[PDB]
$ cat coords20.csv   # CSV, C-alpha atoms and all ligand atoms
chain,number,residue,atom,x,y,z
S,30,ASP,CA,-76.4,23.0,-68.7
S,31,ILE,CA,-77.5,25.1,-71.7
S,32,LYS,CA,-75.6,24.9,-75.0
S,33,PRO,CA,-75.9,27.3,-77.9
S,34,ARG,CA,-79.0,26.4,-79.9
S,35,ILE,CA,-80.9,28.1,-82.8
S,36,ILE,CA,-84.7,27.4,-82.8
S,37,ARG,CA,-87.0,28.0,-85.7
S,38,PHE,CA,-90.6,29.3,-85.0
S,39,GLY,CA,-92.8,29.6,-88.1
S,40,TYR,CA,-96.4,30.6,-88.0
S,41,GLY,CA,-99.3,31.7,-90.3
S,42,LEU,CA,-100.5,35.0,-89.0
S,43,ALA,CA,-99.0,38.4,-89.8
S,44,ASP,CA,-95.9,39.2,-87.8
S,45,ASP,CA,-97.6,42.3,-86.4
S,46,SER,CA,-100.6,40.3,-85.2
S,47,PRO,CA,-100.9,40.0,-81.4
S,48,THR,CA,-99.7,36.4,-81.6
S,49,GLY,CA,-96.9,37.4,-84.0
S,50,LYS,CA,-95.7,39.9,-81.4
S,51,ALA,CA,-96.1,37.2,-78.7
S,52,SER,CA,-93.8,34.9,-80.8
S,53,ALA,CA,-91.2,37.6,-80.7
S,54,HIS,CA,-91.8,38.0,-77.0
S,55,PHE,CA,-91.2,34.2,-76.6
S,56,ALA,CA,-87.9,34.6,-78.5
S,57,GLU,CA,-86.9,37.4,-76.2
S,58,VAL,CA,-87.7,35.5,-73.0
S,59,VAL,CA,-85.9,32.3,-74.3
S,60,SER,CA,-82.8,34.5,-75.0
S,61,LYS,CA,-83.0,36.1,-71.5
S,62,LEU,CA,-83.4,32.9,-69.6
S,63,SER,CA,-80.6,31.2,-71.5
S,64,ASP,CA,-78.1,34.1,-71.3
S,65,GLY,CA,-78.4,34.5,-75.0
S,66,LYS,CA,-77.4,30.9,-75.8
S,67,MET,CA,-80.8,29.8,-77.0
S,68,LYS,CA,-81.9,32.0,-80.0
S,69,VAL,CA,-85.4,31.7,-81.5
S,70,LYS,CA,-85.8,32.8,-85.1
S,71,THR,CA,-89.4,33.6,-85.9
S,72,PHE,CA,-90.8,33.2,-89.5
S,73,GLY,CA,-94.3,34.8,-89.7
S,74,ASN,CA,-96.8,35.5,-92.5
S,75,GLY,CA,-96.8,31.8,-93.5
S,76,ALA,CA,-93.1,32.0,-94.6
S,77,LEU,CA,-92.7,28.3,-93.5
S,78,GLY,CA,-96.1,27.2,-94.7
S,79,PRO,CA,-99.6,27.0,-93.2
S,80,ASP,CA,-100.6,25.2,-89.9
S,81,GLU,CA,-100.8,21.9,-91.7
S,82,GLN,CA,-97.2,22.1,-92.9
S,83,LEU,CA,-96.0,23.6,-89.6
S,84,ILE,CA,-97.4,20.6,-87.7
S,85,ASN,CA,-95.7,18.2,-90.1
S,86,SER,CA,-92.4,20.1,-89.8
S,87,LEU,CA,-92.5,19.7,-86.0
S,88,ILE,CA,-93.3,16.0,-86.3
S,89,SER,CA,-90.4,15.6,-88.8
S,90,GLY,CA,-88.0,17.8,-86.9
S,91,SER,CA,-87.5,20.4,-89.7
S,92,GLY,CA,-89.1,22.9,-87.3
S,93,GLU,CA,-89.0,23.3,-83.6
S,94,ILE,CA,-91.7,25.6,-82.3
S,95,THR,CA,-95.0,26.8,-83.7
S,96,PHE,CA,-98.5,27.9,-82.8
S,97,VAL,CA,-101.5,26.5,-84.8
S,98,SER,CA,-105.2,26.6,-84.5
S,99,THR,CA,-106.8,23.5,-82.9
S,100,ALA,CA,-108.8,22.8,-86.1
S,101,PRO,CA,-106.0,21.3,-88.2
S,102,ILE,CA,-105.0,19.2,-85.3
S,103,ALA,CA,-108.3,17.4,-85.6
S,104,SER,CA,-106.8,15.7,-88.7
S,105,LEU,CA,-104.5,13.9,-86.3
S,106,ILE,CA,-106.5,13.8,-83.1
S,107,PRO,CA,-110.3,14.2,-83.8
S,108,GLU,CA,-111.0,15.2,-80.2
S,109,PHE,CA,-109.4,18.6,-81.0
S,110,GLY,CA,-112.4,19.2,-83.3
S,111,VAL,CA,-114.5,20.1,-80.1
S,112,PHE,CA,-113.4,23.7,-80.4
S,113,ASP,CA,-115.0,24.2,-83.8
S,114,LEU,CA,-118.5,23.7,-82.3
S,115,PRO,CA,-120.3,27.0,-82.0
S,116,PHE,CA,-120.9,28.9,-78.8
S,117,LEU,CA,-118.9,26.6,-76.6
S,118,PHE,CA,-117.4,29.4,-74.5
S,119,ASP,CA,-119.4,32.3,-73.3
S,120,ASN,CA,-116.3,34.5,-72.9
S,121,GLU,CA,-112.5,34.5,-72.7
S,122,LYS,CA,-112.5,33.9,-68.9
S,123,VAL,CA,-114.4,30.6,-69.4
S,124,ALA,CA,-112.1,29.7,-72.2
S,125,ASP,CA,-109.0,30.2,-70.1
S,126,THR,CA,-110.5,28.2,-67.2
S,127,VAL,CA,-111.4,25.3,-69.4
S,128,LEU,CA,-108.2,25.2,-71.5
S,129,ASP,CA,-105.9,25.5,-68.5
S,130,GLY,CA,-107.9,23.0,-66.5
S,131,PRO,CA,-108.3,19.2,-66.9
S,132,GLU,CA,-110.3,19.2,-70.0
S,133,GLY,CA,-107.7,21.2,-71.9
S,134,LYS,CA,-104.9,19.1,-70.4
S,135,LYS,CA,-106.6,15.8,-71.6
S,136,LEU,CA,-106.3,17.1,-75.2
S,137,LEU,CA,-102.8,18.3,-74.8
S,138,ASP,CA,-101.9,14.9,-73.4
S,139,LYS,CA,-102.8,13.3,-76.8
S,140,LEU,CA,-100.1,15.2,-78.7
S,141,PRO,CA,-97.0,13.2,-77.7
S,142,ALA,CA,-98.2,10.0,-79.4
S,143,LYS,CA,-98.2,12.1,-82.6
S,144,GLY,CA,-94.8,13.5,-82.0
S,145,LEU,CA,-95.8,16.9,-80.6
S,146,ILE,CA,-95.7,18.6,-77.2
S,147,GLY,CA,-98.5,20.9,-76.3
S,148,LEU,CA,-96.6,23.5,-74.2
S,149,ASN,CA,-99.9,25.3,-73.4
S,150,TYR,CA,-102.9,27.1,-75.1
S,151,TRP,CA,-102.7,30.5,-76.6
S,152,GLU,CA,-105.7,32.6,-77.8
S,153,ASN,CA,-106.7,32.8,-81.4
S,154,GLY,CA,-110.1,34.0,-80.2
S,155,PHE,CA,-113.8,34.6,-81.1
S,156,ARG,CA,-114.4,34.4,-84.8
S,157,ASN,CA,-116.4,36.8,-87.0
S,158,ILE,CA,-117.8,36.5,-90.5
S,159,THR,CA,-116.6,38.7,-93.3
S,160,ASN,CA,-117.7,38.6,-96.9
S,161,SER,CA,-117.9,40.5,-100.1
S,162,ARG,CA,-121.3,39.5,-101.4
S,163,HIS,CA,-123.8,41.2,-99.1
S,164,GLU,CA,-124.4,42.1,-95.4
S,165,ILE,CA,-125.0,39.2,-93.1
S,166,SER,CA,-127.3,40.2,-90.3
S,167,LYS,CA,-129.7,37.2,-90.4
S,168,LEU,CA,-129.2,33.4,-90.4
S,169,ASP,CA,-130.8,33.4,-93.9
S,170,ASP,CA,-128.2,35.7,-95.3
S,171,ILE,CA,-125.7,32.8,-95.0
S,172,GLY,CA,-127.5,30.6,-97.5
S,173,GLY,CA,-125.4,29.8,-100.5
S,174,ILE,CA,-122.5,32.0,-99.4
S,175,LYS,CA,-119.1,30.5,-100.4
S,176,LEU,CA,-117.4,30.6,-97.1
S,177,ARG,CA,-113.8,29.5,-96.5
S,178,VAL,CA,-113.6,27.4,-93.4
S,179,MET,CA,-110.7,25.7,-91.6
S,180,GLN,CA,-109.8,22.3,-92.7
S,181,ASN,CA,-111.7,19.7,-90.7
S,182,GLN,CA,-115.0,17.9,-90.9
S,183,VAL,CA,-116.5,19.8,-87.9
S,184,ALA,CA,-115.9,23.3,-89.4
S,185,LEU,CA,-117.2,22.1,-92.8
S,186,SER,CA,-120.3,20.5,-91.3
S,187,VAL,CA,-121.1,23.5,-89.1
S,188,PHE,CA,-121.1,26.0,-91.9
S,189,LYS,CA,-122.8,23.6,-94.4
S,190,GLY,CA,-125.4,23.1,-91.7
S,191,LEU,CA,-125.9,26.9,-91.6
S,192,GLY,CA,-126.5,27.0,-95.3
S,193,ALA,CA,-123.1,28.0,-96.6
S,194,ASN,CA,-121.0,26.4,-99.3
S,195,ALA,CA,-118.2,25.6,-96.9
S,196,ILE,CA,-114.8,25.6,-98.7
S,197,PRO,CA,-111.9,24.3,-96.6
S,198,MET,CA,-108.7,26.2,-97.4
S,199,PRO,CA,-105.3,26.7,-95.7
S,200,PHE,CA,-105.0,30.2,-94.1
S,201,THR,CA,-102.0,31.0,-96.3
S,202,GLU,CA,-104.2,30.9,-99.5
S,203,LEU,CA,-107.1,32.9,-98.0
S,204,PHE,CA,-106.3,36.6,-98.8
S,205,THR,CA,-106.0,35.8,-102.5
S,206,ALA,CA,-109.1,33.7,-102.5
S,207,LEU,CA,-111.0,36.7,-101.0
S,208,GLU,CA,-109.4,39.2,-103.4
S,209,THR,CA,-110.3,37.2,-106.5
S,210,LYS,CA,-113.7,36.3,-105.0
S,211,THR,CA,-113.0,32.6,-105.5
S,212,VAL,CA,-114.8,32.6,-102.1
S,213,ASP,CA,-117.2,35.2,-100.9
S,214,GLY,CA,-116.0,35.3,-97.3
S,215,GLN,CA,-114.3,33.8,-94.3
S,216,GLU,CA,-114.4,34.0,-90.6
S,217,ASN,CA,-111.7,34.8,-88.1
S,218,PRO,CA,-111.0,37.1,-85.1
S,219,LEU,CA,-111.0,40.8,-85.6
S,220,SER,CA,-107.3,41.3,-85.1
S,221,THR,CA,-106.6,38.7,-87.9
S,222,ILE,CA,-109.1,40.4,-90.2
S,223,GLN,CA,-107.1,43.6,-89.5
S,224,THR,CA,-103.5,42.5,-89.6
S,225,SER,CA,-104.0,40.1,-92.6
S,226,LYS,CA,-105.8,43.0,-94.3
S,227,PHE,CA,-108.9,41.0,-95.1
S,228,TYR,CA,-111.0,44.2,-94.7
S,229,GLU,CA,-109.4,45.5,-97.9
S,230,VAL,CA,-111.2,42.8,-99.9
S,231,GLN,CA,-114.2,42.3,-97.5
S,232,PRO,CA,-116.7,45.2,-97.3
S,233,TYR,CA,-119.0,43.4,-94.8
S,234,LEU,CA,-118.2,42.3,-91.3
S,235,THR,CA,-120.6,40.5,-88.9
S,236,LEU,CA,-119.8,40.5,-85.2
S,237,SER,CA,-121.1,36.9,-84.8
S,238,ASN,CA,-118.4,35.6,-82.3
S,239,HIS,CA,-119.8,32.2,-83.3
S,240,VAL,CA,-116.7,30.0,-82.5
S,241,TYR,CA,-113.8,30.4,-80.1
S,242,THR,CA,-110.5,29.0,-81.4
S,243,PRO,CA,-107.6,28.1,-79.2
S,244,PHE,CA,-104.1,28.1,-80.5
S,245,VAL,CA,-101.9,25.3,-79.3
S,246,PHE,CA,-98.3,26.4,-78.6
S,247,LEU,CA,-96.4,23.4,-79.9
S,248,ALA,CA,-92.9,21.9,-79.7
S,249,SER,CA,-91.5,19.1,-81.8
S,250,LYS,CA,-91.2,16.2,-79.4
S,251,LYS,CA,-88.2,14.7,-81.2
S,252,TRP,CA,-86.4,18.1,-80.7
S,253,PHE,CA,-87.7,18.7,-77.2
S,254,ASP,CA,-86.6,15.2,-76.0
S,255,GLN,CA,-83.0,15.8,-77.0
S,256,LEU,CA,-82.8,19.0,-75.0
S,257,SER,CA,-81.2,19.0,-71.6
S,258,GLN,CA,-83.5,19.5,-68.6
S,259,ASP,CA,-82.1,23.0,-68.2
S,260,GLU,CA,-83.0,23.8,-71.8
S,261,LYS,CA,-86.4,22.3,-71.5
S,262,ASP,CA,-87.0,24.5,-68.5
S,263,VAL,CA,-86.1,27.5,-70.5
S,264,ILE,CA,-88.7,26.5,-73.1
S,265,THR,CA,-91.5,25.8,-70.6
S,266,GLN,CA,-90.8,28.9,-68.4
S,267,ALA,CA,-90.8,31.0,-71.6
S,268,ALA,CA,-94.0,29.4,-72.7
S,269,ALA,CA,-95.7,30.2,-69.5
S,270,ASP,CA,-94.6,33.8,-69.6
S,271,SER,CA,-95.5,34.1,-73.2
S,272,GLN,CA,-99.0,32.6,-72.8
S,273,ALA,CA,-99.8,35.4,-70.3
S,274,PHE,CA,-98.3,38.0,-72.7
S,275,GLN,CA,-100.2,36.5,-75.6
S,276,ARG,CA,-103.6,36.5,-74.0
S,277,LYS,CA,-103.3,40.1,-72.9
S,278,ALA,CA,-102.0,41.2,-76.3
S,279,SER,CA,-104.8,39.3,-78.0
S,280,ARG,CA,-107.6,40.9,-76.0
S,281,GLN,CA,-106.1,44.4,-76.4
S,282,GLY,CA,-105.7,43.6,-80.0
S,283,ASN,CA,-109.4,42.6,-80.3
S,284,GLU,CA,-110.4,46.0,-78.8
S,285,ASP,CA,-108.0,47.9,-81.1
S,286,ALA,CA,-109.1,46.0,-84.2
S,287,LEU,CA,-112.8,46.8,-83.6
S,288,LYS,CA,-111.9,50.5,-83.2
S,289,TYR,CA,-109.8,50.4,-86.4
S,290,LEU,CA,-112.3,48.6,-88.6
S,291,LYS,CA,-115.1,50.8,-87.4
S,292,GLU,CA,-113.1,54.0,-87.9
S,293,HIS,CA,-112.1,52.7,-91.4
S,294,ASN,CA,-115.8,52.5,-92.3
S,295,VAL,CA,-116.0,48.8,-92.7
S,296,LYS,CA,-119.7,48.1,-92.7
S,297,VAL,CA,-120.4,46.2,-89.4
S,298,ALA,CA,-123.5,44.2,-88.6
S,299,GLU,CA,-124.7,41.9,-85.8
S,300,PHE,CA,-127.2,39.2,-85.3
S,301,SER,CA,-130.2,40.5,-83.5
S,302,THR,CA,-131.6,38.7,-80.5
S,303,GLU,CA,-134.2,37.0,-82.6
S,304,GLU,CA,-131.6,35.9,-85.3
S,305,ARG,CA,-129.3,34.6,-82.5
S,306,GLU,CA,-132.1,32.3,-81.3
S,307,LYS,CA,-132.6,31.1,-84.9
S,308,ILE,CA,-128.9,30.3,-85.2
S,309,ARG,CA,-128.9,28.5,-81.8
S,310,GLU,CA,-131.9,26.3,-82.9
S,311,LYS,CA,-130.2,25.4,-86.2
S,312,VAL,CA,-126.9,24.6,-84.6
S,313,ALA,CA,-128.1,22.4,-81.8
S,314,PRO,CA,-128.9,19.3,-84.0
S,315,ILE,CA,-125.6,19.6,-86.0
S,316,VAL,CA,-123.6,19.9,-82.8
S,317,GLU,CA,-125.4,16.7,-81.6
S,318,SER,CA,-124.7,15.2,-85.0
S,319,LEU,CA,-120.9,15.8,-84.7
S,320,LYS,CA,-120.3,14.4,-81.3
S,321,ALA,CA,-119.6,11.0,-82.8
S,322,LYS,CA,-116.8,12.5,-85.0
S,323,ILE,CA,-115.2,14.4,-82.2
S,324,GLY,CA,-115.6,12.1,-79.2
S,325,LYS,CA,-118.6,12.1,-76.9
S,326,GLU,CA,-116.7,12.3,-73.7
S,327,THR,CA,-114.6,15.2,-75.0
S,328,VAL,CA,-117.6,17.2,-76.1
S,329,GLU,CA,-119.5,16.5,-72.9
S,330,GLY,CA,-116.6,17.1,-70.6
S,331,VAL,CA,-115.7,20.5,-72.3
S,332,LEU,CA,-119.4,21.5,-72.1
S,333,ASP,CA,-119.6,20.6,-68.4
S,334,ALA,CA,-116.3,22.4,-67.6
S,335,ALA,CA,-117.6,25.5,-69.4
S,336,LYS,CA,-120.8,25.4,-67.4
S,337,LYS,CA,-118.9,25.2,-64.2
S,338,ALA,CA,-116.6,28.0,-65.2
S,339,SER,CA,-119.6,30.1,-66.4
C,401,LIG,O1,-108.5,30.7,-90.1
C,401,LIG,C1,-107.5,30.0,-89.6
C,401,LIG,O2,-107.0,29.1,-90.3
C,401,LIG,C2,-107.0,30.4,-88.2
C,401,LIG,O3,-107.8,31.1,-87.6
C,401,LIG,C3,-105.5,31.0,-88.2
C,401,LIG,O4,-105.2,31.4,-87.2
C,401,LIG,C4,-104.6,29.8,-88.7
C,401,LIG,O5,-104.4,29.1,-87.7
C,401,LIG,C5,-103.3,30.0,-89.0
C,401,LIG,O6,-102.2,30.0,-89.4
$ encode --input "coords20.csv" --output "structure tokens"
Amino acid sequence: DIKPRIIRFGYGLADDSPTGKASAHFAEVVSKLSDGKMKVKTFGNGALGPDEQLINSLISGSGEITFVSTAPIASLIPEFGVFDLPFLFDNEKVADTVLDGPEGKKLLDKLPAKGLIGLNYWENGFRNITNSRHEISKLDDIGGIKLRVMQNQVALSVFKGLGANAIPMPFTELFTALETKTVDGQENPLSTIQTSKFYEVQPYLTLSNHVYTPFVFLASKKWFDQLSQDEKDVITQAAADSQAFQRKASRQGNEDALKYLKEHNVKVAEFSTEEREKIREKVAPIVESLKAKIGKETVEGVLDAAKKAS
């Protein structure tokens, strides 16, 4: 029971980012599983707007499928803000375990009340600081930097607490803000820095890996609910296949991006062991400060699940 259907899948990252390629993979699997009857059309590079607009399009029904970072979802469901706390996940194995386990599912289960289906989590990844003002290799080097952040109170409060002038902006405005130096820098995974070309306007890169961002792979509930069960199964089966593809592509992409940026002579710094402890000390009270704006039980449950996975 599958009828011909065209499905629009907009997203913010470049079409040749790992997640852009995973979106094309999803399209291919949907076509395969539906004998070519269900056709997914991908619109990358922010062609259908940034995350905030994509979310709204799924709620309204103008769009069917997207992936977005968890951070803009915090404007609908504050508990999703948990992932903007620094150093939550020691590595990607911990992340997968927590996200695919009960603590991840509790959050996904809050989406339908807002008109969204969280099909599963994809990997945005560990975020790294870039800027055009000066090298950042110490906590103090962040003071007064105008740093674009994602658009929720947790991200703004974290970087303000680290001394930055935190400037929330949609991802789709970011390259130009960097190029014109309306902001000094930003922070994102290496493959995004590469495929969105931020290195062309960001001479400095710090391998801070300070935050891990999940993507949520999303379907419009209004749209999903009017699918037949056979068609829903195509979507959920393709989503499971594509998650595995995505995560592998993301992790290979992270390795490839580091190699590329280094070989391109981007200037790369890190936080020494001492500076790392300074950052940990400064973060701990702002993390505690933000539990009330995320949800105490969410923060503590994610932290406990991460400990058990680590
Ligand atoms: O910096 C950001 O906003 C995120 O990292 C991106 O992936 C964003 O979701 C994209 O569309």
$ residues_around --input "coords20.csv" --residues "residue 295 (chain S)" --least-positions-apart "5" --cutoff "12 Å" --atoms "only C-alpha atoms" --output "number ranges by chain"
S: 159-161, 164, 219, 222-223, 226-236, 286-290
$ residues_near_point --input "coords20.csv" --point "(-123.1, 39.4, -95.5)" --cutoff "12 Å" --atoms "all atoms listed in the file" --output "compact mmCIF listing (two decimals) with C-alpha atoms, keeping the file's coordinate frame"
# COMPACT_ATOMS: atom_id res chain seq x y z
CA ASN S 157 -116.40 36.80 -87.00
CA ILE S 158 -117.80 36.50 -90.50
CA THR S 159 -116.60 38.70 -93.30
CA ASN S 160 -117.70 38.60 -96.90
CA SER S 161 -117.90 40.50 -100.10
CA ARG S 162 -121.30 39.50 -101.40
CA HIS S 163 -123.80 41.20 -99.10
CA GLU S 164 -124.40 42.10 -95.40
CA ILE S 165 -125.00 39.20 -93.10
CA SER S 166 -127.30 40.20 -90.30
CA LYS S 167 -129.70 37.20 -90.40
CA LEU S 168 -129.20 33.40 -90.40
CA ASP S 169 -130.80 33.40 -93.90
CA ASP S 170 -128.20 35.70 -95.30
CA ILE S 171 -125.70 32.80 -95.00
CA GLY S 172 -127.50 30.60 -97.50
CA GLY S 173 -125.40 29.80 -100.50
CA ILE S 174 -122.50 32.00 -99.40
CA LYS S 175 -119.10 30.50 -100.40
CA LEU S 176 -117.40 30.60 -97.10
CA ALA S 193 -123.10 28.00 -96.60
CA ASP S 213 -117.20 35.20 -100.90
CA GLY S 214 -116.00 35.30 -97.30
CA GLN S 215 -114.30 33.80 -94.30
CA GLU S 216 -114.40 34.00 -90.60
CA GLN S 231 -114.20 42.30 -97.50
CA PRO S 232 -116.70 45.20 -97.30
CA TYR S 233 -119.00 43.40 -94.80
CA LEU S 234 -118.20 42.30 -91.30
CA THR S 235 -120.60 40.50 -88.90
CA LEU S 236 -119.80 40.50 -85.20
CA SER S 237 -121.10 36.90 -84.80
CA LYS S 296 -119.70 48.10 -92.70
CA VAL S 297 -120.40 46.20 -89.40
CA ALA S 298 -123.50 44.20 -88.60
CA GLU S 299 -124.70 41.90 -85.80
CA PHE S 300 -127.20 39.20 -85.30
$ residues_around --input "coords20.csv" --residues "residue 68 (chain S)" --least-positions-apart "2" --cutoff "10 Å" --atoms "all atoms listed in the file" --output "list in words"
residues 33, 34, 35, 36, 37, 56, 57, 58, 59, 60, 61, 63, 64, 65, 66, 70 and 71 of chain S
$ closest_residue --input "coords20.csv" --among "S:116, S:329, S:272, S:320" --to "residue 306 (chain S)" --atoms "all atoms listed in the file"
S:116
$ residues_around --input "coords20.csv" --residues "residue 95 (chain S)" --least-positions-apart "2" --cutoff "7 Å" --atoms "only C-alpha atoms" --output "ChimeraX atom specification"
/S:38-40,83,93,97,246-248
$ residues_near_point --input "coords20.csv" --point "(-89.6, 26.2, -74.1)" --cutoff "9 Å" --atoms "only C-alpha atoms" --output "PyMOL selection string"
chain S and resi 55+59+94+148+248+253+260-269
$ atom_distance --input "coords20.csv" --atom1 "CA of residue 89 (chain S)" --atom2 "atom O1 of ligand LIG 401 (chain C)"
23.6 Å
$ residues_near_ligand --input "coords20.csv" --ligand "ligand LIG 401 (chain C)" --cutoff "8 Å" --atoms "only C-alpha atoms and all ligand atoms" --output "PyMOL selection string"
chain S and resi 40-42+75+79-80+96-101+153+156+178-180+198-201+215-218+221+242+244
$ write_last_selection --input "coords20.csv" --atoms "C-alpha atoms" --output "PDB file, keeping the file's coordinate frame"
ATOM      1  CA  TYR S  40     -96.400  30.600 -88.000  1.00  0.00           C
ATOM      2  CA  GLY S  41     -99.300  31.700 -90.300  1.00  0.00           C
ATOM      3  CA  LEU S  42    -100.500  35.000 -89.000  1.00  0.00           C
ATOM      4  CA  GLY S  75     -96.800  31.800 -93.500  1.00  0.00           C
ATOM      5  CA  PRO S  79     -99.600  27.000 -93.200  1.00  0.00           C
ATOM      6  CA  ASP S  80    -100.600  25.200 -89.900  1.00  0.00           C
ATOM      7  CA  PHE S  96     -98.500  27.900 -82.800  1.00  0.00           C
ATOM      8  CA  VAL S  97    -101.500  26.500 -84.800  1.00  0.00           C
ATOM      9  CA  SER S  98    -105.200  26.600 -84.500  1.00  0.00           C
ATOM     10  CA  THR S  99    -106.800  23.500 -82.900  1.00  0.00           C
ATOM     11  CA  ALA S 100    -108.800  22.800 -86.100  1.00  0.00           C
ATOM     12  CA  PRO S 101    -106.000  21.300 -88.200  1.00  0.00           C
ATOM     13  CA  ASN S 153    -106.700  32.800 -81.400  1.00  0.00           C
ATOM     14  CA  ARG S 156    -114.400  34.400 -84.800  1.00  0.00           C
ATOM     15  CA  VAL S 178    -113.600  27.400 -93.400  1.00  0.00           C
ATOM     16  CA  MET S 179    -110.700  25.700 -91.600  1.00  0.00           C
ATOM     17  CA  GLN S 180    -109.800  22.300 -92.700  1.00  0.00           C
ATOM     18  CA  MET S 198    -108.700  26.200 -97.400  1.00  0.00           C
ATOM     19  CA  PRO S 199    -105.300  26.700 -95.700  1.00  0.00           C
ATOM     20  CA  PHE S 200    -105.000  30.200 -94.100  1.00  0.00           C
ATOM     21  CA  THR S 201    -102.000  31.000 -96.300  1.00  0.00           C
ATOM     22  CA  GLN S 215    -114.300  33.800 -94.300  1.00  0.00           C
ATOM     23  CA  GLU S 216    -114.400  34.000 -90.600  1.00  0.00           C
ATOM     24  CA  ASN S 217    -111.700  34.800 -88.100  1.00  0.00           C
ATOM     25  CA  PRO S 218    -111.000  37.100 -85.100  1.00  0.00           C
ATOM     26  CA  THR S 221    -106.600  38.700 -87.900  1.00  0.00           C
ATOM     27  CA  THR S 242    -110.500  29.000 -81.400  1.00  0.00           C
ATOM     28  CA  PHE S 244    -104.100  28.100 -80.500  1.00  0.00           C
TER      29      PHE S 244
END
$ atom_distance --input "coords20.csv" --atom1 "CA of residue 315 (chain S)" --atom2 "CA of residue 119 (chain S)"
19.0 Å
$ closest_residue --input "coords20.csv" --among "S:282, S:192, S:90, S:110" --to "residue 45 (chain S)" --atoms "all atoms listed in the file"
S:282
$ closest_residue --input "coords20.csv" --among "S:127, S:88, S:313, S:308" --to "residue 146 (chain S)" --atoms "all atoms listed in the file"
S:88
$ closest_residue --input "coords20.csv" --among "S:128, S:77, S:184, S:69" --to "residue 323 (chain S)" --atoms "all atoms listed in the file"
S:184
$ atom_distance --input "coords20.csv" --atom1 "CA of residue 224 (chain S)" --atom2 "CA of residue 43 (chain S)"
6.1 Å
$ closest_residue --input "coords20.csv" --among "S:336, S:47, S:249, S:103" --to "residue 324 (chain S)" --atoms "all atoms listed in the file"
S:103
$ closest_residue --input "coords20.csv" --among "S:276, S:122, S:322, S:305" --to "residue 150 (chain S)" --atoms "only C-alpha atoms"
S:276
$ residues_around --input "coords20.csv" --residues "residue 130 (chain S)" --least-positions-apart "3" --cutoff "12 Å" --atoms "only C-alpha atoms" --output "MDAnalysis selection string"
chainID S and resid 123:127 133:137 149:150 330:331 334:335 337:338
$ build_atoms --input "coords20.csv" --residues "region 200-210 of chain S" --atoms "N, CA, C and O atoms" --output "PDB file, in the frame of the given file"
ATOM      1  N   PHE S 200    -104.979  28.725 -94.378  1.00  0.00           N
ATOM      2  CA  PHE S 200    -105.000  30.200 -94.100  1.00  0.00           C
ATOM      3  C   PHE S 200    -104.117  30.948 -95.072  1.00  0.00           C
ATOM      4  O   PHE S 200    -104.433  32.098 -95.425  1.00  0.00           O
ATOM      5  N   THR S 201    -103.018  30.344 -95.508  1.00  0.00           N
ATOM      6  CA  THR S 201    -102.000  31.000 -96.300  1.00  0.00           C
ATOM      7  C   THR S 201    -102.535  31.325 -97.729  1.00  0.00           C
ATOM      8  O   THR S 201    -101.907  32.124 -98.432  1.00  0.00           O
ATOM      9  N   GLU S 202    -103.611  30.678 -98.164  1.00  0.00           N
ATOM     10  CA  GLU S 202    -104.200  30.900 -99.500  1.00  0.00           C
ATOM     11  C   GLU S 202    -105.415  31.871 -99.377  1.00  0.00           C
ATOM     12  O   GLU S 202    -106.038  32.157-100.400  1.00  0.00           O
ATOM     13  N   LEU S 203    -105.755  32.331 -98.182  1.00  0.00           N
ATOM     14  CA  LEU S 203    -107.100  32.900 -98.000  1.00  0.00           C
ATOM     15  C   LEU S 203    -107.148  34.345 -98.562  1.00  0.00           C
ATOM     16  O   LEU S 203    -108.159  34.693 -99.193  1.00  0.00           O
ATOM     17  N   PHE S 204    -106.140  35.188 -98.345  1.00  0.00           N
ATOM     18  CA  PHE S 204    -106.300  36.600 -98.800  1.00  0.00           C
ATOM     19  C   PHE S 204    -106.561  36.586-100.309  1.00  0.00           C
ATOM     20  O   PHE S 204    -107.449  37.305-100.778  1.00  0.00           O
ATOM     21  N   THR S 205    -105.816  35.798-101.077  1.00  0.00           N
ATOM     22  CA  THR S 205    -106.000  35.800-102.500  1.00  0.00           C
ATOM     23  C   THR S 205    -107.357  35.242-102.911  1.00  0.00           C
ATOM     24  O   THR S 205    -107.972  35.700-103.883  1.00  0.00           O
ATOM     25  N   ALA S 206    -107.829  34.229-102.192  1.00  0.00           N
ATOM     26  CA  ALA S 206    -109.100  33.700-102.500  1.00  0.00           C
ATOM     27  C   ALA S 206    -110.213  34.743-102.248  1.00  0.00           C
ATOM     28  O   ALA S 206    -111.215  34.788-102.975  1.00  0.00           O
ATOM     29  N   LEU S 207    -110.036  35.569-101.210  1.00  0.00           N
ATOM     30  CA  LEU S 207    -111.000  36.700-101.000  1.00  0.00           C
ATOM     31  C   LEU S 207    -110.875  37.716-102.075  1.00  0.00           C
ATOM     32  O   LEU S 207    -111.897  38.200-102.587  1.00  0.00           O
ATOM     33  N   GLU S 208    -109.643  38.094-102.426  1.00  0.00           N
ATOM     34  CA  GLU S 208    -109.400  39.200-103.400  1.00  0.00           C
ATOM     35  C   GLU S 208    -109.974  38.854-104.737  1.00  0.00           C
ATOM     36  O   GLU S 208    -110.592  39.718-105.374  1.00  0.00           O
ATOM     37  N   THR S 209    -109.772  37.617-105.207  1.00  0.00           N
ATOM     38  CA  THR S 209    -110.300  37.200-106.500  1.00  0.00           C
ATOM     39  C   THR S 209    -111.706  36.743-106.474  1.00  0.00           C
ATOM     40  O   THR S 209    -112.258  36.389-107.521  1.00  0.00           O
ATOM     41  N   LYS S 210    -112.332  36.789-105.299  1.00  0.00           N
ATOM     42  CA  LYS S 210    -113.700  36.300-105.000  1.00  0.00           C
ATOM     43  C   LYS S 210    -113.878  34.845-105.459  1.00  0.00           C
ATOM     44  O   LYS S 210    -114.977  34.424-105.821  1.00  0.00           O
TER      45      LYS S 210
END
